[PDB]
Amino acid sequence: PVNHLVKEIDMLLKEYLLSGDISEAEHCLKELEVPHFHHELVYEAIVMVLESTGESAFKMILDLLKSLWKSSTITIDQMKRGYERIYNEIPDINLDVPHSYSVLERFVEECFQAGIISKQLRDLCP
């Protein structure tokens, strides 16, 4: 069966892509009280980006992760783990979604330019 937190994080991310309401997404994540599982949010969100068409999800998810990083809602370790998961799976993801390496690189670079990931995590992108 699917982990119920995975389900709540997927719902949260979908409601945010539908509404654009960053504040509601932050509040809904906080209500879960699972700061130990915030890597799942980072991972699920970047997968949505990679699977989307056009530029809109990329931008919405960049804005979400920027906001959640600045409000201290996602911490460094959680950001690190989530990105590491993507880095591990990008070979499999790219098998199904051509040009994902290229989208991931642009996403990683924009997160770096926004100041929300370290140069180290930046450079760790395979």
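Residue positions are given as counts along the sequence shown, with the first one as 1.
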Worksheet item: Where do the C-alpha atoms have the higher mean temperature factor in this entry, in 99-107 or in 17-25?
Response: 99-107
Worksheet, complete the sentence: The stretch carrying the higher mean Cα B factor in the deposited entry, 57-65 or 85-93, is 85-93
Practice prompt. Could you look up the Cα B-factor of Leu32 in the entry and say which third of the chain it sits in: lowest, middle or highest?
Written response: middle
Worksheet item: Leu50: which third of its chain by C-alpha temperature factor?
Response: middle
